[PDB]
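Chain by chain, the residues run as shown.
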2 protein chains.
Amino acid sequence: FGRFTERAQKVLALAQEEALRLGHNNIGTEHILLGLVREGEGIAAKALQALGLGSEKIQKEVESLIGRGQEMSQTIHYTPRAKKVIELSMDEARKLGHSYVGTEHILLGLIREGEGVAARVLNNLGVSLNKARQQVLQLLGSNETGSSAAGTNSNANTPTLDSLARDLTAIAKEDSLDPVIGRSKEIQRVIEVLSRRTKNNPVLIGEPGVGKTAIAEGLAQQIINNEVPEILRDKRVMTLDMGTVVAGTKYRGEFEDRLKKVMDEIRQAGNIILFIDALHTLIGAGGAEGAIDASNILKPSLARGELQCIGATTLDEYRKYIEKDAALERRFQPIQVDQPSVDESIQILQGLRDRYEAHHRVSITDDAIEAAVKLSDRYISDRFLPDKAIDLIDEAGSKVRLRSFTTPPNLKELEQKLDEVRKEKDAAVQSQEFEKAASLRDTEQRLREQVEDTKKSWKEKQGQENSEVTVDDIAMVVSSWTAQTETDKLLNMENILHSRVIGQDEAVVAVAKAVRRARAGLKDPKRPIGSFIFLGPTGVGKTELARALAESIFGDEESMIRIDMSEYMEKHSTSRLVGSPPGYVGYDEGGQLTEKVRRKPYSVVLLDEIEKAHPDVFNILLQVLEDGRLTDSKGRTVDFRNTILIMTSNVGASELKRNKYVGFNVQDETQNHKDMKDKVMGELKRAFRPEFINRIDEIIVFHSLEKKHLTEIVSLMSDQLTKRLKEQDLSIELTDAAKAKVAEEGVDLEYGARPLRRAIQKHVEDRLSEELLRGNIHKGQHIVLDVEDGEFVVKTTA
Amino acid sequence: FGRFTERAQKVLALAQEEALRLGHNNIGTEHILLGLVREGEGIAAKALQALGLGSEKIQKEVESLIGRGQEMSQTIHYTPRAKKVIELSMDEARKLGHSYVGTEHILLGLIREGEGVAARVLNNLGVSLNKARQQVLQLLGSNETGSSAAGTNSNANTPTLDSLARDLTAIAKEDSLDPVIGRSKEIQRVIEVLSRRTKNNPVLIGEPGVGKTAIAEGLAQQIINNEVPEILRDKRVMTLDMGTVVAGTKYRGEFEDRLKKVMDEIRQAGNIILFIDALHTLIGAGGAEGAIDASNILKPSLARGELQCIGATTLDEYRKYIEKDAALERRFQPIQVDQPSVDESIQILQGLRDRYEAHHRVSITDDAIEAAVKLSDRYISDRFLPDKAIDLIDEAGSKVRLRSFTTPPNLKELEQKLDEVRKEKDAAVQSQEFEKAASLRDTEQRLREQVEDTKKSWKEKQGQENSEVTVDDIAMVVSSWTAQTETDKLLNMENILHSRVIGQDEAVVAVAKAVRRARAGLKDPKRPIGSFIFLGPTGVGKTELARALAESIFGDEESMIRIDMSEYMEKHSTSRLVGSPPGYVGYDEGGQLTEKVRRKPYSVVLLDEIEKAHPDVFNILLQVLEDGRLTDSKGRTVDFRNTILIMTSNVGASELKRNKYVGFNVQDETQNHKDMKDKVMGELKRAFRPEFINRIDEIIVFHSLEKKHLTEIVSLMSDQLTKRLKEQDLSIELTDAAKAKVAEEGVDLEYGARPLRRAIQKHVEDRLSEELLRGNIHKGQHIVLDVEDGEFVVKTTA
């Protein structure tokens, strides 16, 4: 593909050189073979030299076939035989892993490609074809680092380390083990609990889901050099892997038997460290079901400190073991792995760029990496700070890499042409029209080389992305889920949120700016990026700003939870009829609110109508706003850590639903507006407790329901129709003028504002179907619905 | 059959020729054998030529059978033996795939016919019967299609692709892989989301049920050829199939072990793409019973980026898996797979026309394909807008092919006759009565050839169908379920809705036009294709139009749901109507209302009396009308996308259930009318809350009992009686005159129009049984119930 070592590439060019030297017009394998032996003593080349082949001998044999004298060897490239040998070398390097493919693989691939002039060339020059593949194989690869250690020994390690299992310290003598960056400050906290054989167990608690495992490689490095105590000197850190135990087993009894064996071998006691990943599963205590009960052997082992071990558990798992104090709590003593510092994240990123240069686009951009964290940290916000991050890096680290190869410069037109040639050419010969295809044939390859030349002119579009992962790039990719087009979303938040909330600017700018402050630098995870009270009418403004955050602020597209406290309130029976679903906040804690935001930890959380809720509820919600967490639903922790909590209120709604009517004058209208954009900030005091509101930030203002507001409601309804018709592949847009015709059949005093949907149906739905059916307009072109004379007008556009 | 290759056909005609040339004016199999070898060196011919047989050698045996003479012909046709050889070859080519039968199959079919004139010719000319079938098998031709290959190799790739589960790439390197038509725009959305080595997992959400699976072959084609990232170059795409896992397994433990092996094999890591269809089952999280939990291994695989995979899930499935989090979140990232819409539908149909031209019906008719789509939307309705569609074409895509092979022109009478001949003949010789069978015998075969000649006139029904699925046919087939007699059902929807709601034209036209416009694929396919409110009293036209709507929009009246909203607030009944209602709005959303429409999306959903319902129910109905789907009730998504939502009212009822009186006018029924065609448009405002109701596509108007509707009620009830009697095979019709005699006992001023059923029983039911009992009328005689002298009158008709 593009990843190759020197020796390889060298064998390849020599084929072409010899192509012309023997007059082999297009070089199949015979020159590739020649290439191998003419590259002298590279692993392919060398191989051929072992069995007894000279550079000469091959070119002469090669020459005894295709031979003289197409010396020019017109547009000297390969033909399919040679191309097959090359495809094979790539795979013969996959074989090893061998990222940048070498010589050996090409001779190996040649044998593999055991026909053409090469294959027989080798079988003519006294070297059987498989004898050649042998020789390369037994000298395989080299493109990767060796071992920085050597020798073989054993001692106490014999009974134990055999079984089961991996020993991190060993692989780090060889220096094939990574730091890992972590969660660096996490690793230190282990050593109180681990150089201690009495709270013999360190116990890592955090998001799973953070790369806890980074800390484990930490230990490896540190037990070697050099802050190691005399305690952990004369110790080995051995990882007990779940995978070897399950392999070759499908019965519980066999698994337990193996665990019994681990305890026997644990005789290295007080000098052994055991690493137990997913520790909870083995104890199997608590819950409605277990998971296997190693606990019988394991508990006394922990108490004695013979099993001096390291436990990896998560946010929720721990409670049902400290409840079993003290035999799990006799060993445990805790450390925070929950959500790493912002900085720790960034460093992991930087480290894995080059392997997303094995997965291309990335290496770099540095700024894009930083962003990977930062943009993610608030913009999803569905994990811990590095998982999110890296996802951007490779996402963007491909999105644009996809744009890398998708055209020539604009010479995509070449390919279009090249197609048409083939056709003409072919079909003409299929009639034959021999020579009537001939010139068409000739036109094909003429075109072709020009095509291919400019398809690799979009190697310039490779040099653009293939070690960058851009700011904007990373950012767009975060938006794709939900620096540049997230920090432009963030910095320009006010501008973008204003374009999706029509009027009632008072609110928009208030949320915008508070969120934009937090969302730029670090408000720093825990607490939503904004707590807010959204005051206003029951109608307009509230939801729409919340929404607008979800689309831009949170990325591109969705991200908004929304619960009404008002919908249930009731419980208890003795003989009563009632058996309704839980009274609402009990439902929320016990399941609904906590689950939903746990599902997407980045959601604009809308806690509706808490005025019409008991003041006790507000305390619970207050924890969401403060902590950025709730712990409910069987001890699970729900990350509201960069959500936007929006607690709504519409207490007094009606006056903020004053329409633009003439009272005294037509200046009662502009005072049905003006009065209402004042009245809102008074619906705040009336809303909830001050204690609640004391954990709630800006005072978001929404107001009125002018006239003005009617034709603004029409513009929500017409868009709901037209979007479901976009689903059906019809592009419609209504100008204000067609929405005007809807208002024409949409005002009475007594009819409210019910006819507006129906009249949109009448003027849009009904009309578009009566305009498409005629053939005046068509689906998937742009169809503009207007009034342009006091009556409705249908326009067409592309 | 319909398709054969030359070599076959050539072998066949040569038999007949040689038959007579040797003195056999009946073509025995002895000549077919001769035929095979007389075609020289085709696979049949050649085969015989191997065994030591020439055409000459065959004809010699043949001449030693009948031999000279019999060159006077017999209008030489085959023997029953010879007809057997042909039937056999068909299967001898089927078994070798081929449905276009070639030479080999014909000798093979001869062998099959291992006793007979051939059989003995071949067994007489000293070659084994099986030696001959061997020879034909061991050379094929006319069974292939042309593909590519020239060698095969592998490397590390071996253990993985073996297992489990084949690669799309392989068959597409032979270039035999299909496009698929798709769902093309879906494939594109993947490449940011997948060419990551992080949250590299695309997850396809759509309807299943739309042809999601089309997208998967998409990847195959684009990852191979030819402009794609360097990321997605140096990759392999492997498809994982559930079927292989379950095979050789019958326990959960074994399944997990196999999955462990797969997980180990993901070692092609960071450059391997695994396709997992129905992804949800493996994660096993959520639900009331979950599924087998692969997640323990799979979750870190997704996080590591070793498992870069493609998830196929549906509308409903996803929620309880992103709920798991957060390496799930840093895995998945969503992309939109086709939500069913008419334009998309057509493109699939057309694509699979040629492939249902295996049915020699469809491919085409163009109008018929479009119709399939458009008609499907309105006439069942239950499935998805493109699945439905293709099914009608293929349905019909056999339907006319059935009408094909059951015709002589009208000469069906011939076959009937030809039978009778045999009888006479047979029975006469069984007495013998030799020549008393003879002339009957002779008469038989005269007939027979005439019969067969006119049965093969119905090659005209082939020339109809073998690329035309009939427009009318598609319609017929949709009518079979529930263009022409479904688009006439559509176009004439108004006419059809009018014929069962007598009076109340006001209502009929309002529903009619809105659906009839809409269902032509020109209205949103994700919202009820007509929303309506039906106002009136309790009954009288309302429901009846809903029924008539089912017929006209959907093709039969059996497309009608009907749910009462007053139960979704319940405060009337609890032990006399419905079991366990409490929770009530929760009962509707959470369960009942949604469950019912989830059973049939092929329904006029008539949600009665939302007026007299808890205000939450109106909000719920509002979601049905807006979204076209609701997701509730274990997170299942109910498609109201091809329902007709109809919300009923009856708060004006009294005038709208009023009856005519004189008072001062005999124009009092027609003054009961005039009041009611007003009374509905005032019952709307009085009934409902505005937020819900305005999404309705038309306000449907009904009437009362008057004088005048009463005598129309008698005609509804009498039709309910006579129809449940049709099941036994009583063919009944009432004229208006008999319904009149019945009316005589139920036009009470003070006992209502309820007595009419009872009086229908006395004058219709009771009367038919008392007319059957005396043998005046009969089953399968059409029985007319009349008055013709002011008293009841019994008539008979065919």
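Residues numbered from 1 in each chain as written, not as in the entry; some residues may be left out. Chains lettered and ligands numbered in written order. Part of a larger assembly, values for the part shown. Heavy atoms only, no water. Residues with missing side-chain atoms left out of burial classes, pairs and counts.

Judging from the entry metadata, cryo-EM is the method by which this structure was determined, and 9.0 Å is the reported resolution.

Going by what the PDB entry lists, chain A is known as Negative regulator of genetic competence ClpC/MecB and is assigned to Bacillus subtilis. Taken verbatim from the UniProt record of chain A, the Function comment is "Competence gene repressor; required for cell growth at high temperature. Negative regulator of comK expression. May interact with MecA to negatively regulate comK." Its UniProt record gives chain A the following Sequence similarities comment, quoted word for word: "Belongs to the ClpA/ClpB family. ClpC subfamily." (UniProt positions renumbered as here; feature names shortened; annotations may be inferred.)

Of regular secondary structure, chain A possesses 37 helices and 15 strands. Taking 798 residues into account, the globule formula puts the C-alpha radius of gyration at 28 Å, and chain A, at 36 Å, lies well above it. Once the C-alpha set of chain A is aligned to its principal axes, its extents read approximately 110 × 90 × 50 Å. (Helix = DSSP H or I, 4+ residues; strand = E, 2+ residues; numbered from the N terminus. Rg over C-alpha atoms; globule rule 2.2 N^0.38 Å.)

Here, the residues flagged by UniProt with the feature "domain: Clp R" are residues 1–142 of chain A. Segment residues 1–142 of chain A splits into 62% helix and 0% strand. End C-alpha atoms: 18 Å apart.

The next point concerns the UniProt feature "domain: UVR" in chain A. The UniProt record marks residues 415–450 of chain A with the feature "domain: UVR", using the residue numbering of this structure. End-to-end, the C-alpha atoms of residues 415–450 of chain A are 9 Å apart, and along that stretch the chain is 92% helix and 0% strand.

All names here are of chain B. Reading across from one edge, β13-β14-β15 is the order of the three strands in this open sheet, with mixed pairing throughout. A single partner strand is all that each edge strand has here, and the edge strands are β13 (731–734) and β15 (792–797). Averaged over all neighbouring strand pairs, the angle between strand axes comes to 25 degrees, with direction disregarded. In the packing of helix α37 (residues 756–772) onto the sheet, the strands contacted are β13, β14 (782–787) and β15, and the crossing angle to β14 comes to about 125 degrees. (Pairing = 2+ DSSP bridges. Axes fitted to C-alpha atoms, helices over the stretch in contact; angles between N-to-C directions. Contact = heavy atoms within 4.5 Å.)

With that settled, the discussion passes to unusual backbone geometry. Residues and elements named next belong to chain B. The peptide bond linking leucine 164 to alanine 165 adopts the cis configuration, its omega dihedral lying at -5 degrees. Secondary-structure assignment places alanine 165 in the loop between α9 (158–162) and α10 (168–171). Of note, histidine 360 is a non-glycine position whose phi angle comes to about 60 degrees, a positive value. Here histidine 360 lies in the loop between α18 (342–351) and α19 (366–378).

Quick look at helix α18 (residues 342–351) of chain A now. An α-helical segment advances 3.6 residues per turn. Residues three or four places apart therefore align on the same side. Residues and elements named next belong to chain A. Among the residues making up α18, those that are buried are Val342, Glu344, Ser345, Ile348 and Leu349. Seen along its axis, α18 keeps its buried residues to an arc of 165 degrees; they face one direction. In this structure, the buried residues of α18 make contact with α11 (185–188), α19 (366–378) and α20 (387–403). (Buried < 20%, exposed > 50% of the residue type's maximum accessible area, 1.4 Å probe, protein only. Arc of directions from axis to C-beta.)

With that settled, consider the side chain of A:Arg401. Within the secondary structure layout, A:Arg401 lies in helix α20. Within the local environment of A:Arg401, its side chain forms a polar contact with the side chain of A:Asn466, the two groups lying 3.2 Å apart. Not counting the four nearest positions on each side in its chain, A:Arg401 is found in contact with A:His360, A:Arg361, A:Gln462, A:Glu465, A:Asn466, B:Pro229, B:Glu230, B:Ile231 and B:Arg233. (Polar contact = N/O pair within 3.5 Å; in protein donor to acceptor, adjacent residues only side chain to side chain.)

Residues and elements named next belong to chain B. Pairing within the open sheet is parallel, and its five strands lie in the order β2-β3-β4-β1-β5. The outermost strands of the open sheet, each flanked by one partner alone, are β2 (236–240) and β5 (334–336). On average, each strand axis in the sheet is tilted by 25 degrees relative to the strand beside it, whichever way the strands run. Pairing between strand β1 (residues 203–206) and β5: three bridges, direction parallel. Following the sheet pairing, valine 203 is matched in β5 by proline 334.

Let us look at the pattern of salt bridges. Inspection of every chain in the model, using the stated rule, returns 138 salt bridges over all chains. Notably, a salt bridge pairs B:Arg21 with B:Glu63, separated by 3.8 Å at the nearest N-O pair. With a gap of 42 residues between them, B:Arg21 in helix α1 (residues 6–21) and B:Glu63 in helix α4 (residues 55–63) connect regions that are remote in the sequence. What makes B:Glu63 partly exposed here is its relative accessible area of 23%. Here B:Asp678 and B:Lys677 are joined by a salt bridge, their closest N and O atoms 3.6 Å apart. Look at B:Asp678 and you get partly exposed, because its relative accessible area is 45%. Sharing partners across several salt bridges, the network here consists of A:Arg758, A:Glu765, A:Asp766, A:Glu770, B:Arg517, B:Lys523, B:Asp697 and B:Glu698. (Salt bridge = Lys/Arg side-chain N within 4 Å of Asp/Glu carboxyl O.)

At the interface, 71 residues of chain B touch 79 residues of chain A. Residue assignment for the side of chain B that touches chain A shows that the elements contributing at least two residues are α14 (252–265), α17 (319–322), α18, α29 (584–590), α31 (615–627) and α34 (690–693) of chain B. Looking at side-chain class alone, the side of chain B that touches chain A contains 21 nonpolar, 18 polar and 32 charged residues. (Nonpolar A, V, L, I, M, F, W, Y, C, P; charged D, E, K, R; others polar.)

To continue, consider the relation of the copies chain B and chain A. The two copies are related by a screw operation: chain B maps onto chain A through 59 degrees of rotation and 0.7 Å of translation along the axis, at an RMSD of 2.2 Å. These values place the two chain copies in the arrangement generated by a six-fold rotation axis. Looking at the rotation axis and the C-alpha trace of chain B, the residue lying nearest is B:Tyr251, at 10 Å. (Least-squares fit on C-alpha atoms.)

With that out of the way, let us pick up the pairing of strand β10 (residues 636–639) of chain B. Residues and elements named next belong to chain B. In terms of strand pairing, strand β9 (residues 629–632) meets β10 through four bridges, oriented antiparallel. In the sheet register, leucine 630 faces β10, and the bridge partner there is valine 638. Adjacent in sequence and paired antiparallel, β9 and β10 are bridged by three residues, among which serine 633 carries a positive phi angle near 60 degrees.

All right, on to the packing of aromatic side chains then. All names here are of chain A. On inspection of all chains with the given rule, the structure shows 11 aromatic pairs over all chains. Ring geometry for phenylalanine 532 versus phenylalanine 534: centroids 6.2 Å apart, planes at 40 degrees, classification tilted. Grouping residues by exposure puts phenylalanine 532 and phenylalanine 534 together as buried. Grouping aromatic residues by their ring pairs yields a cluster made of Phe532, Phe534 and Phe702. (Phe/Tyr/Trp six-rings, centres within 6.5 Å; stacked < 30°, edge-to-face > 60°.)

Looking now at the packing of helix α14 (residues 252–265) of chain A against helix α16 (residues 295–304) of chain A. Residue and element names in this part refer to chain A. Packing of α14 against α16 brings their axes to within 10 Å, and their N-to-C directions diverge by 15 degrees. As far as their axial angle goes, α16 and α14 are roughly parallel. In terms of crossing hand, the pair formed by α14 and α16 is left-handed. The segment α14 lies against α16, with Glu256, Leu259, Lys260 and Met263 engaging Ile297, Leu298 and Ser301. (Parallel < 35°, antiparallel > 145°, perpendicular 65-115°, else oblique. Left-handed = near helix turned anticlockwise from the far one by under 90°.)

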